[PDB]
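Undergrad: Sequence, then the experimental structure. Questions to follow.
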Amino acid sequence: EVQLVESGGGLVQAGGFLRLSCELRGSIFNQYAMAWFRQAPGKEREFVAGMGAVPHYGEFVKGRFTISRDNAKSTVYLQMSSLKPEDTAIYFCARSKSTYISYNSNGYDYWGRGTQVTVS
Amino acid sequence: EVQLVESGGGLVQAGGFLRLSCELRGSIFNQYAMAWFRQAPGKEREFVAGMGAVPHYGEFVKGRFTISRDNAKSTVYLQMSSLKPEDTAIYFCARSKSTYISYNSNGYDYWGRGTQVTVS
Amino acid sequence: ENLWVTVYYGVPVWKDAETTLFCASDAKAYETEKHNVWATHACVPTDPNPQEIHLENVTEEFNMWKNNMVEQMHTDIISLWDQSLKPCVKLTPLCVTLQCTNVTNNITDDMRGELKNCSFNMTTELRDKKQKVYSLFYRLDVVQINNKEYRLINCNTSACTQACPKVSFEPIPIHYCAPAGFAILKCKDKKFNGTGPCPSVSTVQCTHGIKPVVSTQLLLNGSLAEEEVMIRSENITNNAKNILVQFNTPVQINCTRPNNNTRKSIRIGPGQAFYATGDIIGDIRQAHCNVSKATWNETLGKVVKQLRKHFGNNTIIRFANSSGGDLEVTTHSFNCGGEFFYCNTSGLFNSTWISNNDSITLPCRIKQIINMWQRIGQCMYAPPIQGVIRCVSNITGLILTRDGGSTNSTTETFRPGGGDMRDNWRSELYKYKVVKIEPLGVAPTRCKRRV
Amino acid sequence: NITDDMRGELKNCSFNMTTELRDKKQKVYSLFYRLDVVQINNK
Amino acid sequence: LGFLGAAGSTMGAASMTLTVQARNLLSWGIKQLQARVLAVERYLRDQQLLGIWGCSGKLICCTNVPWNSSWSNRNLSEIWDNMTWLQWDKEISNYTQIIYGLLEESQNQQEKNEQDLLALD
Ligand SMILES: *[C@@H]1O[C@H](CO)[C@@H](O[C@@H]2O[C@H](CO)[C@@H](O[C@@H]3O[C@H](CO)[C@@H](O)[C@H](O[C@H]4O[C@H](CO)[C@@H](O)[C@H](O)[C@@H]4O)[C@@H]3O)[C@H](O)[C@H]2NC(C)=O)[C@H](O)[C@H]1NC(C)=O
Ligand SMILES: *[C@@H]1O[C@H](CO)[C@@H](O[C@@H]2O[C@H](CO)[C@@H](O[C@@H]3O[C@H](CO[C@H]4O[C@H](CO)[C@@H](O)[C@H](O)[C@@H]4O)[C@@H](O)[C@H](O)[C@@H]3O)[C@H](O)[C@H]2NC(C)=O)[C@H](O)[C@H]1NC(C)=O
Ligand SMILES: *[C@@H]1O[C@H](CO)[C@@H](O[C@@H]2O[C@H](CO)[C@@H](O[C@@H]3O[C@H](CO[C@H]4O[C@H](CO)[C@@H](O)[C@H](O)[C@@H]4O)[C@@H](O)[C@H](O)[C@@H]3O)[C@H](O)[C@H]2NC(C)=O)[C@H](O)[C@H]1NC(C)=O
Ligand SMILES: *[C@@H]1O[C@H](CO)[C@@H](O[C@@H]2O[C@H](CO)[C@@H](O[C@@H]3O[C@H](CO)[C@@H](O)[C@H](O)[C@@H]3O)[C@H](O)[C@H]2NC(C)=O)[C@H](O)[C@H]1NC(C)=O
Ligand SMILES: *[C@@H]1O[C@H](CO)[C@@H](O[C@@H]2O[C@H](CO)[C@@H](O[C@@H]3O[C@H](CO)[C@@H](O)[C@H](O)[C@@H]3O)[C@H](O)[C@H]2NC(C)=O)[C@H](O)[C@H]1NC(C)=O
Ligand SMILES: *[C@@H]1O[C@H](CO)[C@@H](O[C@@H]2O[C@H](CO)[C@@H](O[C@@H]3O[C@H](CO)[C@@H](O)[C@H](O)[C@@H]3O)[C@H](O)[C@H]2NC(C)=O)[C@H](O)[C@H]1NC(C)=O
Ligand SMILES: *[C@@H]1O[C@H](CO)[C@@H](O[C@@H]2O[C@H](CO)[C@@H](O)[C@H](O)[C@H]2NC(C)=O)[C@H](O)[C@H]1NC(C)=O
Ligand SMILES: *[C@@H]1O[C@H](CO)[C@@H](O[C@@H]2O[C@H](CO)[C@@H](O)[C@H](O)[C@H]2NC(C)=O)[C@H](O)[C@H]1NC(C)=O
Ligand SMILES: *[C@@H]1O[C@H](CO)[C@@H](O[C@@H]2O[C@H](CO)[C@@H](O)[C@H](O)[C@H]2NC(C)=O)[C@H](O)[C@H]1NC(C)=O
Ligand SMILES: *[C@@H]1O[C@H](CO)[C@@H](O[C@@H]2O[C@H](CO)[C@@H](O)[C@H](O)[C@H]2NC(C)=O)[C@H](O)[C@H]1NC(C)=O
Ligand SMILES: *[C@@H]1O[C@H](CO)[C@@H](O[C@@H]2O[C@H](CO)[C@@H](O)[C@H](O)[C@H]2NC(C)=O)[C@H](O)[C@H]1NC(C)=O
Ligand SMILES: *[C@@H]1O[C@H](CO)[C@@H](O)[C@H](O)[C@H]1NC(C)=O
Ligand SMILES: *[C@@H]1O[C@H](CO)[C@@H](O)[C@H](O)[C@H]1NC(C)=O
Ligand SMILES: *[C@@H]1O[C@H](CO)[C@@H](O)[C@H](O)[C@H]1NC(C)=O
Ligand SMILES: *[C@@H]1O[C@H](CO)[C@@H](O)[C@H](O)[C@H]1NC(C)=O
Ligand SMILES: *[C@@H]1O[C@H](CO)[C@@H](O)[C@H](O)[C@H]1NC(C)=O
Ligand SMILES: *[C@@H]1O[C@H](CO)[C@@H](O)[C@H](O)[C@H]1NC(C)=O
Ligand SMILES: *[C@@H]1O[C@H](CO)[C@@H](O)[C@H](O)[C@H]1NC(C)=O
Ligand SMILES: *[C@@H]1O[C@H](CO)[C@@H](O)[C@H](O)[C@H]1NC(C)=O
Ligand SMILES: *[C@@H]1O[C@H](CO)[C@@H](O)[C@H](O)[C@H]1NC(C)=O
Ligand SMILES: *[C@@H]1O[C@H](CO)[C@@H](O)[C@H](O)[C@H]1NC(C)=O
Ligand SMILES: *[C@@H]1O[C@H](CO)[C@@H](O)[C@H](O)[C@H]1NC(C)=O
Ligand SMILES: *[C@@H]1O[C@H](CO)[C@@H](O)[C@H](O)[C@H]1NC(C)=O
Ligand SMILES: *[C@@H]1O[C@H](CO)[C@@H](O)[C@H](O)[C@H]1NC(C)=O
């Protein structure tokens, strides 16, 4: 069975630091690409970051974030930094159909529960 | 089945340039050695060039020629250069019995059709 | 009235199951010695015209979306490509700082920063000496570090082996045959939508010519449908599932690389050779592809008409260009003559349909190295091919991904997509399933075993 | 402020090493236990 | 007339040709070897299961153990003329691995009754 977990997140001061994680347990780790989606209240899902064979980021990341996948633990991290208050939203974790990343939400078939992140 | 296919050759001006080739299709290329024999009119066959693990040349080559075998395409090339009129003859291609080259014609068991080369 | 039980060995009955299949390759090419991927030198030779015998009064249900042969086939290709790269040569010595600059031999205005002329020191056959060789690398294979100081893009993630010149990447058909005790069914209904009972099912010991093709979208050289362009899906209501459109009449596509590339050999070490692009002869022209304007518009007409049976008749169906993301999903990466292409497709999926001669030209890009779909880590190096590469192919199907719009706003937008690399084969293994025979059944009759 | 229990147990070693690029080199350091290093001939 | 060439026909008519479905049952390189070992192994299992019963290779092994009307409750002539084997298997698929036990008991019990019968002479 394919299932995913997530890190804590939690409240973070404006301009602070935070790290997320997502462990892929069921399927093989070196045969799929993982990516993170955010869903602000009253808005649809959109791409944030994703690591296949080459990193990708959204238009609003502007290099603030950093994404890397540890092959040993079979997890993908997200070294977010300097979180503006507009970034508050629920950050999901999803696995792509294959080793490529597509910005549309319909390119993934195994989502996560969702991690709550807020900035004040 | 073991068979060989030669190159064009054809008439070439004296002191010109030419290139011959011979592709071995049936047997394994990396367990046999090829060689080239010429038969001038009214004369017996004699050695010209051959490549096993170390190149060899005939007495009249005098370093003018150059022989090399491409393992990828399973073919042996022979770089003619400075063709004197006395070099006109039918240039055969033959496969040695095993991994070695002998200047006697009886050291080969699969001959080619014969390439005609003329110099004027 | 008393009747007893009996057991009938060798009775025809089967149950769904899975197992491991094996070689079936044509013996015609055996004489042509080629130790390439998808090997024939190590196989059971195929059989001419296998025992394809029809069945009557039989009803069987197929389900390709949960088929096991496609999953089994995938692990086969993964385990094969790795085996074919072991004898090749690594590229660890090549990860060196490069001094590069633009190349301008009256280059065309279409591309300016596409070819970089790089020179770097390198070890010769004797380690005491070093040589200063030069080569041309595409702009997608070099990054700047700090001016002119570039390195190969893959020299900080994972080194990878050169593709052996001996092997070839062209598609060799691979038939699949079941082992003793098993049998492979084969549906034959023309109006077969992937799932559901197939009335005229027939058995066969071996599948037809199956050529696995490495493509992301617009899968090439597929098996044409008989009639009535089909739309095979899993949960068409859900938009997260792909839609493998397969049409009967193919549209021919011509792809060429007008650049007159010349190969140059450089010695890695003793017995290790590395090939690099030499000097481009003649003018430089962008690699492109062509598809007939008239046929393509008609082909989309069939797909749109056949797609309305699921979304009603008064629906404004309009196509849109690719999604946007990894370079191998935005374009379609198809192998052609040993070189990997990347062809922009925004010129095809651009139109809108209401329910009331010329040739399309598109650009393409080429990458010498590729992060192979087999695994995330290892890359690959594609040696250059001399002369001009041109290859024609049959575009037989499409891989469309629907857009998750609102229930209102009946304009439903489809987008080309893919990259799964399992759906490519699923379009070719949608007819077959593997079954296990279960002899020695039990039936009632009348006997008395004499003592 | 190492404890008096052990003095010559952890050694702070630094050595040149090849980076991802074959041409360049980097000076990195690490700590090795006393049972993994021997003297040759000082430090 | 071929391998599984009468699967959809009448079960009574399916018995006309039973050897074709049995003869063609026993006939990356590691994959081939594993399949062959599995293929031969499966055939041995089936033959052994027939061996423990009152037959070895007769190919029509009619046993004397009583039949149950509850298992099928279908008329004898009603099922042997129209219904096919595949449909028949599903009807009594649930009632499997129980008749097999009965057959073994009806054979081992009978075997000794024959052995001592030949000994009283
Ligand atoms: C879909 O099917 C089509 C139909 O086959 C296929 O087109 C084929 O492309 C290959 C590309 O290599 C063609 O093969 C080449 O043809 C040229 C023509 O001049 C030859 O010169 C080539 O020979 C050289 O390269 C070989 C590569 O191994 C060497 O072995 C050889 O010694 C030469 O150096 C080579 O044979 C092939 O002819 C066409 N098929 C045709 C024209 O019918 C297309 O590629 C398929 N689609 C995909 C995505 O592959
Ligand atoms: C050995 O030394 C380590 C380095 O000092 C010790 O790690 C410390 O562990 C504690 C508790 O586990 C941390 O205290 C927490 O700090 C976070 C803030 O850290 C955030 O940033 C880091 C940066 O990577 C990130 O990893 C975290 O997840 C957080 O996002 C607070 O939010 C918590 O409330 C809590 O106070 C220390 O921060 C951490 N040290 C450092 C330098 O980060 C380790 O505990 C030592 N081992 C033992 C056995 O004591
Ligand atoms: C890309 O550039 C290449 C280099 O210019 C082009 O190769 C040219 O190909 C043509 C026809 O195939 C040749 O014209 C022939 O020349 C021979 C004489 O060449 C002899 O010497 C060469 C040296 O190796 C040898 O390979 C030949 O086999 C011959 O032995 C004439 O005899 C013929 O009649 C004919 O004129 C050119 O000579 C050749 N160029 C060079 C520099 O040799 C190639 O065609 C270009 N690609 C495209 C698509 O145009
Ligand atoms: C292997 O090398 C590549 C190429 O440098 C690394 O990716 C690159 O990493 C750098 C920083 O490590 C990124 O620089 C950043 O770029 C953004 C703009 O995208 C800029 O706003 C930032 O200020 C920063 O300069 C760079 O973007 C990124 N990508 C490319 C194409 O250069 C990669 O991280 C290396 N591998 C490992 C494991 O570190
Ligand atoms: C690997 O090294 C050997 C040794 O040099 C190469 O064979 C030698 O190649 C040279 C020129 O490449 C030959 O020189 C020629 O010698 C003749 C006399 O035989 C002379 O008349 C010419 O003017 C020229 O100087 C040499 O004969 C030849 N053999 C030996 C024993 O040195 C070999 O080609 C090298 N391998 C590769 C793949 O290049
Ligand atoms: C990539 O750049 C390197 C150096 O920046 C180029 O190396 C040299 O390029 C010249 C012409 O661009 C080649 O021809 C030379 O021309 C001079 C003109 O006087 C002549 O005197 C020389 O005898 C020679 O013919 C030269 O061969 C080449 N160097 C080598 C070692 O081949 C290189 O050409 C550039 N790449 C391309 C594709 O242009
Ligand atoms: C593929 O065809 C099968 C039957 O040929 C379809 O099966 C039924 O489809 C209807 C709707 O078209 C559903 O209401 C039924 O529940 C389905 N029954 C079964 C047993 O599947 C199937 O829906 C078709 N699928 C697609 C994607 O067109
Ligand atoms: C693809 O089509 C384009 C036209 O859009 C072709 O480009 C022309 O090809 C002819 C061939 O002789 C040249 O004379 C022209 O100069 C080219 N350009 C234009 C603007 O017409 C291209 O050759 C075609 N390629 C293939 C492989 O079919
Ligand atoms: C792709 O190339 C093929 C062959 O090079 C073209 O097919 C030929 O088209 C011409 C058009 O005048 C016909 O006269 C020939 O009979 C065709 N031959 C074959 C074998 O098909 C094809 O037209 C090219 N594609 C496009 C879009 O132009
Ligand atoms: C593929 O080609 C199309 C055009 O054929 C490109 O579309 C361009 O999109 C940008 C984005 O705003 C526009 O500024 C350009 O004007 C468009 N092109 C033209 C000719 O108008 C598309 O960008 C190409 N694909 C990629 C990945 O660049
Ligand atoms: C995609 O389709 C649109 C039409 O829906 C094309 O829009 C036209 O583009 C041409 C070429 O630039 C212009 O001359 C027309 O004026 C455009 N139409 C309108 C109404 O303004 C668009 O060009 C197509 N994309 C590409 C790359 O050709
Ligand atoms: C299929 O059944 C029909 C009637 O049930 C019968 O006439 C026909 O012969 C059967 N098929 C075959 C191949 O015998
Ligand atoms: C070289 O090409 C780049 C684009 O790839 C361009 O920005 C630059 O001006 C060109 N010239 C030089 C000297 O780099
Ligand atoms: C090769 O080594 C020499 C040694 O001084 C150096 O000057 C030159 O820059 C090196 N080549 C490159 C491309 O860096
Ligand atoms: C298709 O997806 C929708 C989405 O909610 C779901 O309601 C429906 O049950 C799914 N159908 C199938 C056959 O999976
Ligand atoms: C353009 O560049 C090509 C590339 O070799 C060359 O053959 C040709 O002579 C050049 N023509 C002009 C006008 O510079
Ligand atoms: C495609 O064909 C339809 C009808 O066949 C026509 O209405 C439409 O204009 C055509 N589109 C193009 C781009 O030729
Ligand atoms: C849609 O069109 C098809 C054929 O054009 C027709 O059979 C069907 O009844 C139509 N349905 C509606 C709702 O108009
Ligand atoms: C698709 O078209 C849009 C139109 O703005 C463009 O921005 C995007 O880059 C195109 N996608 C590709 C892959 O070219
Ligand atoms: C494309 O399809 C046509 C029609 O079936 C066929 O004749 C042709 O050989 C196909 N092209 C290939 C196999 O390259
Ligand atoms: C370091 O530790 C050793 C014991 O391992 C001791 O003999 C020596 O005096 C210490 N100080 C220096 C400078 O080596
Ligand atoms: C590393 O190389 C430099 C080059 O001069 C040298 O001075 C230094 O001592 C080396 N590092 C070590 C630990 O010896
Ligand atoms: C027949 O089946 C019933 C219930 O399934 C069971 O109680 C009975 O013992 C069985 N009798 C025989 C002879 O198998
Ligand atoms: C088999 O019978 C049991 C109880 O009689 C029942 O629970 C089960 O669902 C049946 N299964 C099938 C496949 O008929």
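TA: That came through, no problem. Numbers count the residues shown, from 1 in each chain, chains lettered A, B, ... in the order given. Ligands and ions are numbered 1, 2, ... in the order given.

Undergrad: quick one: is stretch A:8-15 near ligand 2?
TA: No: looking at stretch A:8-15 against ligand 2 by CB under 6 Å from any ligand atom, there are no contacts, and the closest approach is 7.7 Å. C-beta: built from backbone N, CA, C; applies to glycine.

Undergrad: Just the CA trace of that stretch, in CSV.
TA: Written as CSV, here are the backbone C-alpha positions of stretch A:8-15 (Å, rounded to 0.1, in the frame of the first residue of the first chain):
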residue,chain,number,x,y,z
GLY,A,8,5.0,19.3,11.9
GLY,A,9,5.1,22.8,10.6
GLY,A,10,3.2,24.9,13.1
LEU,A,11,3.2,28.6,13.9
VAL,A,12,6.2,30.6,12.7
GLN,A,13,7.2,34.2,13.3
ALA,A,14,7.2,36.4,10.2
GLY,A,15,10.6,36.3,8.6
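
Undergrad: residues in contact with that stretch?
TA: Residues outside stretch A:8-15 that contact it (CB atoms under 8 Å, 6 or more residues apart in numbering or on different chains): A:18, A:20, A:82-85, A:91, A:115-120.

Undergrad: give me that answer again for 7 Å
TA: By CB atoms under 7 Å, 6 or more residues apart in numbering or on different chains, the residues outside stretch A:8-15 that reach it are A:18, A:20, A:82, A:83, A:85, A:115, A:116, A:117, A:118, A:119, A:120.

Undergrad: and the fifth one, what does it touch?
TA: Spelled out, it's residue A:85. A:14, A:119.

Undergrad: Assess the claim that residue C:96 and residue C:123 are in contact.
TA: No: the pair residue C:96 / residue C:123 is not scored as a contact, 9.5 Å apart, by CB atoms under 7 Å.

Undergrad: Select only the buried ones of the contacts of stretch A:8-15 in ChimeraX?
TA: In ChimeraX, this line selects whichever of these come out buried by 16 or more other CB atoms under 10 Å in any protein chain shown:
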select /A:18,20,83,115,117,119
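
Undergrad: Closest one to residue C:117 out of the contacts of stretch A:8-15, please.
TA: residue A:82 (40.4 Å; CB to CB).

Undergrad: what about the nearest residue in space to residue E:76 that is not next to it in sequence, neighbour count?
TA: Nearest non-adjacent residue to residue E:76, counting by CB to CB, 6 or more residues apart in numbering or on different chains: residue C:3, 5.5 Å away. Using other CB atoms under 10 Å in any protein chain shown, residue C:3 has 13 neighbouring residues.

Undergrad: quick one: residue C:3 and residue C:443, what's the gap?
TA: For residue C:3, the distance to residue C:443 (CB to CB, to the nearest Å) stands at 10 Å.

Undergrad: check contacts around the closest residue to ligand 11 within chain A.
TA: Nearest to ligand 11 in chain A, going by CB to the nearest ligand atom, is residue A:104, at a distance of 19.8 Å. Going by CB under 7 Å, 6+ apart, residue A:104 touches residue C:323.

Undergrad: Same check on residue C:386?
TA: C:261, C:262, C:263.

Undergrad: thinking the first one is in contact with residue C:383, fair?
TA: No: here residue C:261 does not reach residue C:383: they are 10.2 Å apart, not a contact under CB under 7 Å.

Undergrad: and stretch C:79-86, is it in reach of chain A?
TA: No: if you take CB under 7 Å from any CB of the partner chain as the test, stretch C:79-86 misses chain A, and the best it gets is 12.1 Å.

Undergrad: ok, now how distant is residue C:194 from ligand 2?
TA: 47 Å (CB to the nearest ligand atom, to the nearest Å).

Undergrad: Find the nearest non-adjacent residue to that residue, please.
TA: Nearest to residue C:194 is residue C:232, by CB to CB, 6+ apart, at 4.1 Å.

Undergrad: ok, what's across the strand from that neighbour?
TA: On the basis of DSSP bridges, residue C:232 is bridged to residue C:244.

Undergrad: What is the burial count for the residue in chain E positioned nearest to ligand 1?
TA: Using CB to the nearest ligand atom, residue E:28 is the residue of chain E that sits closest to ligand 1, at 22.1 Å. Per other CB under 10 Å, the neighbour tally for residue E:28 reads 14.

Undergrad: what sits against it?
TA: residue C:42.

Undergrad: Equivalent analysis for residue A:49, please.
TA: Contacts of residue A:49 (CB under 7 Å, 6+ apart): A:35, A:36, A:56, A:57, A:61, A:65, A:67, A:78.

Undergrad: Return the backbone torsion pair for the fourth one.
TA: To tie it back to what came earlier, the one meant is residue A:57. Backbone torsions for residue A:57, taken as degrees, to the nearest 10, come to phi -140, psi 160.

Undergrad: need the longest helix for chain E.
TA: helix E:29-52 (DSSP state H).

Undergrad: anything in that helix near chain C?
TA: Yes: Helix E:29-52 comes into contact with chain C (CB under 7 Å from any CB), by way of E:29, E:31, E:32, E:34, E:35, E:39, E:42, E:46, E:49, E:50.

Undergrad: Let's have those residues in JSON lines, adding neighbour count and distance to residue C:449.
TA: Formatted as JSON lines, these follow (neighbours: other CB atoms under 10 Å in any protein chain shown; distance: CB to CB, whole Å):
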{"residue": "E:29", "neighbour count": "10", "distance to residue C:449": "47"}
{"residue": "E:31", "neighbour count": "16", "distance to residue C:449": "44"}
{"residue": "E:32", "neighbour count": "17", "distance to residue C:449": "42"}
{"residue": "E:34", "neighbour count": "14", "distance to residue C:449": "40"}
{"residue": "E:35", "neighbour count": "19", "distance to residue C:449": "37"}
{"residue": "E:39", "neighbour count": "17", "distance to residue C:449": "32"}
{"residue": "E:42", "neighbour count": "18", "distance to residue C:449": "27"}
{"residue": "E:46", "neighbour count": "17", "distance to residue C:449": "21"}
{"residue": "E:49", "neighbour count": "15", "distance to residue C:449": "18"}
{"residue": "E:50", "neighbour count": "19", "distance to residue C:449": "14"}
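
Undergrad: Need the distance between the two termini of stretch A:67-83.
TA: 15 Å (CA to CA, to the nearest Å).

Undergrad: in that stretch, what's buried?
TA: Going by 16+ other CB under 10 Å, stretch A:67-83 has these buried residues: A:67, A:69, A:74, A:75, A:76, A:77, A:78, A:80, A:83.

Undergrad: Equivalent analysis for stretch A:43-55, please.
TA: Buried, per 16+ other CB under 10 Å, within stretch A:43-55: A:45, A:46, A:47, A:48, A:49, A:50, A:51, A:52, A:53, A:54.

Undergrad: and if you look at stretch C:359-366?
TA: C:362, C:363, C:364, C:365, C:366.

Undergrad: How about residue A:34, nearest residue that isn't a chain neighbour?
TA: Residue A:34's closest residue in space is residue A:76 (CB to CB, 6+ apart), at 4.5 Å.

Undergrad: Run through the helices of chain C in chain order.
TA: Under DSSP H, chain C gives helices at C:69-85, C:293-307, C:327-330, C:423-426.

Undergrad: Make a markdown table out of those helices and add mean neighbour count.
TA: Compiled in a markdown table, the helices of chain C are given as follows (neighbours: other CB atoms under 10 Å in any protein chain shown):
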| stretch | mean neighbour count |
| --- | --- |
| helix C:69-85 | 17 |
| helix C:293-307 | 16 |
| helix C:327-330 | 22 |
| helix C:423-426 | 22 |
